[PDB]
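Written out below as structure tokens is the structure these notes cover.
Order of listing sets the numbers, starting from 1, for every ligand and every atom in it. Labels below follow one simple rule: chain letters A, B, ... track the order of the sequence lines, proteins then strands, and each chain is numbered from 1.
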2 protein chains.
Amino acid sequence: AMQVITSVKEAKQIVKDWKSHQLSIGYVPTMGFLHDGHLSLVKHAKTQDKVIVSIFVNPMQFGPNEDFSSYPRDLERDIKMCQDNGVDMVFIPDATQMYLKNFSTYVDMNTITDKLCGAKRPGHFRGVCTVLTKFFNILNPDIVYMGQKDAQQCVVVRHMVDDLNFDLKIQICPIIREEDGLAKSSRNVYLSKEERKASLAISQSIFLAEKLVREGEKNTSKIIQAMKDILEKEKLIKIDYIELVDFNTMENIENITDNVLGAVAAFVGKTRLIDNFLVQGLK
Amino acid sequence: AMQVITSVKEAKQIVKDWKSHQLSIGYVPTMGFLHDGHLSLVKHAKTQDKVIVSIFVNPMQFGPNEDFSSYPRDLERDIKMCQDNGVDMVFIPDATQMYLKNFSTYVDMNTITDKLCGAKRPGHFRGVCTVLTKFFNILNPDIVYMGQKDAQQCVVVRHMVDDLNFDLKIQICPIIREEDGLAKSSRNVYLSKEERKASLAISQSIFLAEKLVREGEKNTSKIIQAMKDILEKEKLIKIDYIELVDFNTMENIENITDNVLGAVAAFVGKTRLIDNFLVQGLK
Ligand SMILES: Nc1ncnc2c1ncn2[C@@H]1O[C@H](COP(=O)(O)O)[C@@H](O)[C@H]1O
Ligand SMILES: Nc1ncnc2c1ncn2[C@@H]1O[C@H](COP(=O)(O)O)[C@@H](O)[C@H]1O
Ligand SMILES: CC(C)(CO)[C@@H](O)C(=O)NCCC(=O)O
Ligand SMILES: CC(C)(CO)[C@@H](O)C(=O)NCCC(=O)O
């Protein structure tokens, strides 16, 4: 049996009871409208005794120029998918449970978040860090499962966890893709037929770049140009950024040594999509 | 037997073991050089199965114009006092355990901290919130015991705890005073003979103000003037602020209704002392 919980007080009691039986807790934070990407995280979380999925379209991490109002929402779909995939609790708080009238506290940081999407989305990572601090305090998980698809987010959260001494682990999981390469995302629902066809250039640029890197290419300027050439063939695509950075610091790399995070963000029509590849432990 | 612990890893293990035996934990955060004020907090904490005292002169909450370098330090004194008063663990981390090389995260808020001492001490409450978030995550206490002497701090921390869903309680304890009324403080060690004599005007102004309030005086402008008159008789005293505020919001009060926090900060020579009184539940 799976519990669908909307109350903070109630979620805390359930977690407290699990702890009293020394049960481990795996946690998958999401914004709902679930897909196979989220399910791959749940599957990893099943290594723990109990699995929690949160579904919360967090208003703090959206700006007015973004898509808070149109963000896909379908709780019936999500609940069914969690039920069918062995989730123990679905935590679906509404914003009035999470952010009371006098709420004014926040968590933020002075490194990492100023690069990539963080530079393009003022206030976004403050929203992410703040809401996850709350969820982590409420749910007291042992391992938190997050997708490599939001690479910078993984690094930001890992850093917050280290800096603030959260007694938990962040486990990063691989990007799950559609049959034709497109990284799975709830935002893919926005794409028209023509836009979806164009969006494939994003994953194609990622596939090429990773192939070049693994074949010994160290010049990031050259890799980026090769990626740009693919993307520029699609008139529906407006590049937001293409960057090859150090995976630990998010700082730009001119010449690759031990690691590289190659990240792309682009608008396909109005929809902002992201994708990346990550290579570590190069000689 | 009492454990003196300097390692974060070691403190976490001790706390984890206590939790496995379902023991409650009382926590008293301090900056060391202990006195009877701190001991009164320990006494309250003894309602819990285990008591932890932390001693850490937190560099984040001092500005360069303040007294980080001269802050009284005597670990031998502190350890003995904890030992003699039934403390189970004294946690004395050094700054390199707390703030690693790449540390950049912080906790702060957009209300409450901009008033009183917060307005006079830029960055102070960010330092307080950030370090207590870390201690709370490390030590996992059930109740945290703090002194009314730092009234604004109590309100700030309580708010952070509510906003970020920390599963613990903040218990506020009464101001402990020297025989002649001076609020106990490690900073009292700075005072010369003449300065200590002058400093008594601070507690005297507090005693008078509370008496006036409890006798039905509602005009804060009048109470503040009566306090000013006492303080202005001491040439060694330079007033930083005298404010009567709502205890929940820290906003100034012109006319008293249900509550009042009357707070004073003043320099006696170079030393910055604070004191207050708190009245609640007035008809
Ligand atoms: N295609 C994907 N593959 C792997 N993880 C993903 C994918 N899409 C989203 N996630 C992860 O799922 C979690 C919730 O995503 P979101 O629902 O978009 O807030 C985050 O950890 C994401 O990185
Ligand atoms: N005279 C006092 N009476 C009661 N509590 C105090 C007193 N002085 C300090 N405290 C509290 O002891 C804790 C540590 O104070 P400090 O050591 O100055 O950082 C804080 O909760 C203070 O409010
Ligand atoms: C981890 C959560 C679910 C926390 O709200 C969220 O930060 C997230 O995964 N969103 C990533 C995609 C985005 O917000 O643009
Ligand atoms: C609660 C602690 C010990 C946390 O460092 C500290 O914020 C504190 O009590 N100091 C109050 C006096 C001051 O820092 O000026």
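- Compare A/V28, A/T30, A/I55 by their heavy atoms: the one nearest to atom 3 (C) of ligand 3 is in A/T30.
- In terms of protein heavy-atom proximity, atom 8 (C) of ligand 3 is closest to A/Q153 OE1, 3.4 Å.
- Here A/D275 does not pair with A/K149 in a salt bridge; the nearest charged N to carboxylate O distance is not below 4.0 Å.
- Short contacts between ligand 3 and A/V131, defined as distances under 4.0 Å to a heavy atom of the residue, involve ligand atoms 4 (C), 5 (O).
- Salt bridge status for B/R121 with B/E66: present, with a side-chain N to carboxylate O gap under 4.0 Å.
- A/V90 places none of its side-chain heavy atoms less than 4.5 Å from the side chain of A/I5.
- B/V131 has its side chain within reach of B/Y99: a pair of non-hydrogen atoms, C-beta onward, lies under 4.5 Å apart.
- Listed by number with element, the atoms of ligand 3 under 4.0 Å from a non-hydrogen atom of A/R187 are 13 (C), 15 (O).
- Here the protein heavy atom with the shortest distance to atom 6 (C) of ligand 3 is A/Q61 NE2, 3.2 Å.
- Every residue was checked against the ring-ring contact (aromatic ring centres under 6.0 Å, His included) condition with A/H159, not counting sequence neighbours, and none meets it.
- The side-chain heavy atoms of B/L168 and B/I143, taken from C-beta on, include no pair separated by under 4.5 Å.
- Checked for salt-bridge contact, A/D36 and A/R177 miss the test: no charged N lies under 4.0 Å from a carboxylate O.
- Environment of NZ in A/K43: sparse, with no more than 12 heavy atoms of neighbouring residues, nucleotides or ligands closer than 6.0 Å.
- Between A/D150 and ligand 3, no N or O atom pair is found at a separation short of 3.5 Å.
- The existence of a salt bridge linking B/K169 and B/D142 is excluded, since no basic side-chain nitrogen approaches an acidic carboxylate oxygen closer than 4.0 Å.
- A/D67 and A/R187 are joined by a salt bridge, as a carboxylate oxygen and a charged side-chain nitrogen come within less than 4.0 angstrom of each other.
- Residue-level proximity to ligand 3 for A/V157 is absent, since no heavy atom of it falls below 4.0 angstrom.
- The pair B/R158-B/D162 does not count as a salt bridge, with every side-chain nitrogen at least 4.0 angstrom from each carboxylate oxygen.
- The 4.0 Å heavy-atom shell around ligand 2 contains residues B/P29, B/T30, B/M31, B/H35, B/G37, B/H38, B/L41, B/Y71, B/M146, B/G147, B/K149, B/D150, B/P174, B/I175, B/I176, B/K184, ordered by chain and number.
- With a 4.0 Å heavy-atom cut-off, ligand 3 is reached by the side chain of A/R121 but not by its N, CA, C or O.
- Ligand 3 places these atoms under 4.0 Å from at least one heavy atom of A/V128: 7 (O).
- Atoms of ligand 3 found under 4.0 Å from any heavy atom of A/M146, numbered from 1 in the order shown, are 1 (C).
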